[PDB]
Amino acid sequence: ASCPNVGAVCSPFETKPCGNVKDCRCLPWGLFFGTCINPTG
């Protein structure tokens, strides 16, 4: 949940979007990207 990029822009087209971290989710909002968010939070 408390991942390095909470509310930080990710992109599912990246390499590790909110991936190998202390639990994080890449919410793919916008057109091509998204944000590392709190899982189900």
# chains A, B, ... in the order shown; residues from 1 in each chain; ligands from 1
$ select_by_dssp --residues "chain A" --states "strand (DSSP E or B)" --output "JSON, numbers by chain"
{"A": [8, 9, 10, 25, 26, 27, 34, 35, 36, 37]}
$ residues_around --residues "residue A:28" --least-positions-apart "5" --cutoff "12 Å" --atoms "only C-alpha atoms" --output "PDB file with N, CA, C and O atoms, in the first residue's frame"
ATOM      1  N   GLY A   7       0.166   7.874  -5.743  1.00  0.00           N
ATOM      2  CA  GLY A   7      -0.309   9.061  -6.417  1.00  0.00           C
ATOM      3  C   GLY A   7       0.689   9.550  -7.441  1.00  0.00           C
ATOM      4  O   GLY A   7       0.594  10.675  -7.940  1.00  0.00           O
ATOM      5  N   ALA A   8       1.654   8.700  -7.754  1.00  0.00           N
ATOM      6  CA  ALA A   8       2.692   9.040  -8.715  1.00  0.00           C
ATOM      7  C   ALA A   8       2.392   8.386 -10.047  1.00  0.00           C
ATOM      8  O   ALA A   8       2.025   7.218 -10.100  1.00  0.00           O
ATOM      9  N   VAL A   9       2.548   9.144 -11.116  1.00  0.00           N
ATOM     10  CA  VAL A   9       2.196   8.676 -12.448  1.00  0.00           C
ATOM     11  C   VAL A   9       3.038   7.478 -12.879  1.00  0.00           C
ATOM     12  O   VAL A   9       4.269   7.526 -12.887  1.00  0.00           O
ATOM     13  N   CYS A  10       2.347   6.403 -13.210  1.00  0.00           N
ATOM     14  CA  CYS A  10       2.951   5.236 -13.821  1.00  0.00           C
ATOM     15  C   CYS A  10       2.403   5.102 -15.228  1.00  0.00           C
ATOM     16  O   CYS A  10       1.646   5.950 -15.687  1.00  0.00           O
ATOM     17  N   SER A  11       2.803   4.064 -15.911  1.00  0.00           N
ATOM     18  CA  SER A  11       2.241   3.741 -17.201  1.00  0.00           C
ATOM     19  C   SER A  11       2.326   2.248 -17.366  1.00  0.00           C
ATOM     20  O   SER A  11       3.390   1.673 -17.160  1.00  0.00           O
ATOM     21  N   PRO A  12       1.220   1.588 -17.720  1.00  0.00           N
ATOM     22  CA  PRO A  12       1.233   0.147 -17.934  1.00  0.00           C
ATOM     23  C   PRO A  12       2.192  -0.240 -19.061  1.00  0.00           C
ATOM     24  O   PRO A  12       2.486  -1.416 -19.267  1.00  0.00           O
ATOM     25  N   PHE A  13       2.683   0.770 -19.782  1.00  0.00           N
ATOM     26  CA  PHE A  13       3.628   0.558 -20.872  1.00  0.00           C
ATOM     27  C   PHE A  13       5.065   0.639 -20.371  1.00  0.00           C
ATOM     28  O   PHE A  13       6.009   0.498 -21.146  1.00  0.00           O
ATOM     29  N   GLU A  14       5.232   0.888 -19.077  1.00  0.00           N
ATOM     30  CA  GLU A  14       6.554   0.929 -18.473  1.00  0.00           C
ATOM     31  C   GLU A  14       7.080  -0.492 -18.270  1.00  0.00           C
ATOM     32  O   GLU A  14       6.665  -1.420 -18.970  1.00  0.00           O
ATOM     33  N   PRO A  17       5.446  -1.175 -13.628  1.00  0.00           N
ATOM     34  CA  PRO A  17       4.445  -0.228 -13.111  1.00  0.00           C
ATOM     35  C   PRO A  17       3.869  -0.666 -11.775  1.00  0.00           C
ATOM     36  O   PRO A  17       3.041  -1.580 -11.714  1.00  0.00           O
ATOM     37  N   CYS A  18       4.297   0.021 -10.719  1.00  0.00           N
ATOM     38  CA  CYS A  18       3.875  -0.288  -9.351  1.00  0.00           C
ATOM     39  C   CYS A  18       4.036  -1.785  -9.060  1.00  0.00           C
ATOM     40  O   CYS A  18       3.295  -2.361  -8.264  1.00  0.00           O
ATOM     41  N   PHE A  33      -1.273   6.236 -19.606  1.00  0.00           N
ATOM     42  CA  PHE A  33      -0.524   6.024 -18.383  1.00  0.00           C
ATOM     43  C   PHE A  33      -1.451   5.792 -17.212  1.00  0.00           C
ATOM     44  O   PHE A  33      -2.492   5.167 -17.362  1.00  0.00           O
ATOM     45  N   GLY A  34      -1.039   6.264 -16.055  1.00  0.00           N
ATOM     46  CA  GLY A  34      -1.837   6.141 -14.869  1.00  0.00           C
ATOM     47  C   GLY A  34      -1.086   6.603 -13.645  1.00  0.00           C
ATOM     48  O   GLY A  34      -0.202   7.450 -13.745  1.00  0.00           O
ATOM     49  N   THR A  35      -1.426   6.055 -12.491  1.00  0.00           N
ATOM     50  CA  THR A  35      -0.739   6.402 -11.253  1.00  0.00           C
ATOM     51  C   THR A  35      -0.605   5.190 -10.342  1.00  0.00           C
ATOM     52  O   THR A  35      -1.510   4.357 -10.271  1.00  0.00           O
ATOM     53  N   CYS A  36       0.532   5.093  -9.664  1.00  0.00           N
ATOM     54  CA  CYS A  36       0.714   4.113  -8.612  1.00  0.00           C
ATOM     55  C   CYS A  36      -0.184   4.481  -7.451  1.00  0.00           C
ATOM     56  O   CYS A  36      -0.010   5.525  -6.828  1.00  0.00           O
ATOM     57  N   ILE A  37      -1.169   3.649  -7.204  1.00  0.00           N
ATOM     58  CA  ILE A  37      -2.176   3.927  -6.205  1.00  0.00           C
ATOM     59  C   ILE A  37      -2.163   2.877  -5.114  1.00  0.00           C
ATOM     60  O   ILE A  37      -1.424   1.890  -5.179  1.00  0.00           O
TER      61      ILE A  37
END
$ residues_around --residues "residue A:41" --least-positions-apart "6" --cutoff "12 Å" --atoms "only C-alpha atoms" --output "ChimeraX atom specification"
/A:1-2,6-7,23-25,27
$ decode --residues "stretch 4-29 of chain A" --atoms "N, CA, C and O atoms" --output "PDB file, in the first residue's frame"
ATOM      1  N   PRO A   4       6.413   3.355  -3.102  1.00  0.00           N
ATOM      2  CA  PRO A   4       7.265   4.516  -3.421  1.00  0.00           C
ATOM      3  C   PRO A   4       6.580   5.610  -4.223  1.00  0.00           C
ATOM      4  O   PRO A   4       7.056   6.744  -4.260  1.00  0.00           O
ATOM      5  N   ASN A   5       5.484   5.274  -4.874  1.00  0.00           N
ATOM      6  CA  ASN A   5       4.878   6.174  -5.836  1.00  0.00           C
ATOM      7  C   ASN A   5       3.378   6.340  -5.629  1.00  0.00           C
ATOM      8  O   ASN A   5       2.635   6.394  -6.601  1.00  0.00           O
ATOM      9  N   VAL A   6       2.916   6.441  -4.393  1.00  0.00           N
ATOM     10  CA  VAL A   6       1.482   6.606  -4.166  1.00  0.00           C
ATOM     11  C   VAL A   6       1.004   7.946  -4.721  1.00  0.00           C
ATOM     12  O   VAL A   6       1.401   9.010  -4.249  1.00  0.00           O
ATOM     13  N   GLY A   7       0.166   7.874  -5.743  1.00  0.00           N
ATOM     14  CA  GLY A   7      -0.309   9.061  -6.417  1.00  0.00           C
ATOM     15  C   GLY A   7       0.689   9.550  -7.441  1.00  0.00           C
ATOM     16  O   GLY A   7       0.594  10.675  -7.940  1.00  0.00           O
ATOM     17  N   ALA A   8       1.654   8.700  -7.754  1.00  0.00           N
ATOM     18  CA  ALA A   8       2.692   9.040  -8.715  1.00  0.00           C
ATOM     19  C   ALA A   8       2.392   8.386 -10.047  1.00  0.00           C
ATOM     20  O   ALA A   8       2.025   7.218 -10.100  1.00  0.00           O
ATOM     21  N   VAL A   9       2.548   9.144 -11.116  1.00  0.00           N
ATOM     22  CA  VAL A   9       2.196   8.676 -12.448  1.00  0.00           C
ATOM     23  C   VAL A   9       3.038   7.478 -12.879  1.00  0.00           C
ATOM     24  O   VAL A   9       4.269   7.526 -12.887  1.00  0.00           O
ATOM     25  N   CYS A  10       2.347   6.403 -13.210  1.00  0.00           N
ATOM     26  CA  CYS A  10       2.951   5.236 -13.821  1.00  0.00           C
ATOM     27  C   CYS A  10       2.403   5.102 -15.228  1.00  0.00           C
ATOM     28  O   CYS A  10       1.646   5.950 -15.687  1.00  0.00           O
ATOM     29  N   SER A  11       2.803   4.064 -15.911  1.00  0.00           N
ATOM     30  CA  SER A  11       2.241   3.741 -17.201  1.00  0.00           C
ATOM     31  C   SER A  11       2.326   2.248 -17.366  1.00  0.00           C
ATOM     32  O   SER A  11       3.390   1.673 -17.160  1.00  0.00           O
ATOM     33  N   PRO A  12       1.220   1.588 -17.720  1.00  0.00           N
ATOM     34  CA  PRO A  12       1.233   0.147 -17.934  1.00  0.00           C
ATOM     35  C   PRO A  12       2.192  -0.240 -19.061  1.00  0.00           C
ATOM     36  O   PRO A  12       2.486  -1.416 -19.267  1.00  0.00           O
ATOM     37  N   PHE A  13       2.683   0.770 -19.782  1.00  0.00           N
ATOM     38  CA  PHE A  13       3.628   0.558 -20.872  1.00  0.00           C
ATOM     39  C   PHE A  13       5.065   0.639 -20.371  1.00  0.00           C
ATOM     40  O   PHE A  13       6.009   0.498 -21.146  1.00  0.00           O
ATOM     41  N   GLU A  14       5.232   0.888 -19.077  1.00  0.00           N
ATOM     42  CA  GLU A  14       6.554   0.929 -18.473  1.00  0.00           C
ATOM     43  C   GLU A  14       7.080  -0.492 -18.270  1.00  0.00           C
ATOM     44  O   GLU A  14       6.665  -1.420 -18.970  1.00  0.00           O
ATOM     45  N   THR A  15       7.978  -0.672 -17.325  1.00  0.00           N
ATOM     46  CA  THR A  15       8.604  -1.961 -17.126  1.00  0.00           C
ATOM     47  C   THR A  15       8.052  -2.668 -15.896  1.00  0.00           C
ATOM     48  O   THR A  15       7.646  -3.831 -15.958  1.00  0.00           O
ATOM     49  N   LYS A  16       8.019  -1.941 -14.795  1.00  0.00           N
ATOM     50  CA  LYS A  16       7.581  -2.476 -13.511  1.00  0.00           C
ATOM     51  C   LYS A  16       6.475  -1.632 -12.867  1.00  0.00           C
ATOM     52  O   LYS A  16       6.563  -1.349 -11.673  1.00  0.00           O
ATOM     53  N   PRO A  17       5.446  -1.175 -13.628  1.00  0.00           N
ATOM     54  CA  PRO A  17       4.445  -0.228 -13.111  1.00  0.00           C
ATOM     55  C   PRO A  17       3.869  -0.666 -11.775  1.00  0.00           C
ATOM     56  O   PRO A  17       3.041  -1.580 -11.714  1.00  0.00           O
ATOM     57  N   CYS A  18       4.297   0.021 -10.719  1.00  0.00           N
ATOM     58  CA  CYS A  18       3.875  -0.288  -9.351  1.00  0.00           C
ATOM     59  C   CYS A  18       4.036  -1.785  -9.060  1.00  0.00           C
ATOM     60  O   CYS A  18       3.295  -2.361  -8.264  1.00  0.00           O
ATOM     61  N   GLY A  19       5.026  -2.393  -9.706  1.00  0.00           N
ATOM     62  CA  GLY A  19       5.159  -3.833  -9.707  1.00  0.00           C
ATOM     63  C   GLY A  19       5.859  -4.378  -8.488  1.00  0.00           C
ATOM     64  O   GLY A  19       5.273  -4.450  -7.405  1.00  0.00           O
ATOM     65  N   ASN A  20       7.113  -4.776  -8.677  1.00  0.00           N
ATOM     66  CA  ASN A  20       7.909  -5.367  -7.609  1.00  0.00           C
ATOM     67  C   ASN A  20       8.243  -4.342  -6.528  1.00  0.00           C
ATOM     68  O   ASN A  20       9.363  -3.832  -6.446  1.00  0.00           O
ATOM     69  N   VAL A  21       7.256  -4.060  -5.693  1.00  0.00           N
ATOM     70  CA  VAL A  21       7.404  -3.134  -4.588  1.00  0.00           C
ATOM     71  C   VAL A  21       6.604  -3.652  -3.398  1.00  0.00           C
ATOM     72  O   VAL A  21       6.055  -4.755  -3.447  1.00  0.00           O
ATOM     73  N   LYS A  22       6.531  -2.857  -2.344  1.00  0.00           N
ATOM     74  CA  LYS A  22       5.747  -3.207  -1.166  1.00  0.00           C
ATOM     75  C   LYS A  22       4.244  -2.998  -1.411  1.00  0.00           C
ATOM     76  O   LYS A  22       3.590  -2.212  -0.718  1.00  0.00           O
ATOM     77  N   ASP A  23       3.714  -3.717  -2.406  1.00  0.00           N
ATOM     78  CA  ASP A  23       2.282  -3.703  -2.733  1.00  0.00           C
ATOM     79  C   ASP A  23       1.833  -2.346  -3.292  1.00  0.00           C
ATOM     80  O   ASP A  23       1.767  -1.347  -2.571  1.00  0.00           O
ATOM     81  N   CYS A  24       1.534  -2.320  -4.587  1.00  0.00           N
ATOM     82  CA  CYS A  24       1.137  -1.094  -5.277  1.00  0.00           C
ATOM     83  C   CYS A  24       0.375  -1.448  -6.553  1.00  0.00           C
ATOM     84  O   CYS A  24       0.505  -2.561  -7.064  1.00  0.00           O
ATOM     85  N   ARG A  25      -0.429  -0.519  -7.058  1.00  0.00           N
ATOM     86  CA  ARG A  25      -1.213  -0.774  -8.266  1.00  0.00           C
ATOM     87  C   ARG A  25      -1.089   0.376  -9.256  1.00  0.00           C
ATOM     88  O   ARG A  25      -1.157   1.537  -8.871  1.00  0.00           O
ATOM     89  N   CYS A  26      -0.901   0.052 -10.528  1.00  0.00           N
ATOM     90  CA  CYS A  26      -0.860   1.071 -11.569  1.00  0.00           C
ATOM     91  C   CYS A  26      -2.263   1.269 -12.118  1.00  0.00           C
ATOM     92  O   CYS A  26      -2.749   0.452 -12.898  1.00  0.00           O
ATOM     93  N   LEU A  27      -2.926   2.325 -11.667  1.00  0.00           N
ATOM     94  CA  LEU A  27      -4.242   2.683 -12.179  1.00  0.00           C
ATOM     95  C   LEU A  27      -4.040   3.392 -13.507  1.00  0.00           C
ATOM     96  O   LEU A  27      -3.635   4.547 -13.523  1.00  0.00           O
ATOM     97  N   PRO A  28      -4.336   2.722 -14.626  1.00  0.00           N
ATOM     98  CA  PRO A  28      -4.095   3.263 -15.957  1.00  0.00           C
ATOM     99  C   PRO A  28      -5.147   4.290 -16.374  1.00  0.00           C
ATOM    100  O   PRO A  28      -5.990   4.028 -17.236  1.00  0.00           O
ATOM    101  N   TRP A  29      -5.102   5.452 -15.741  1.00  0.00           N
ATOM    102  CA  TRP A  29      -5.983   6.549 -16.102  1.00  0.00           C
ATOM    103  C   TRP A  29      -5.331   7.442 -17.161  1.00  0.00           C
ATOM    104  O   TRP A  29      -4.146   7.295 -17.494  1.00  0.00           O
TER     105      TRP A  29
END
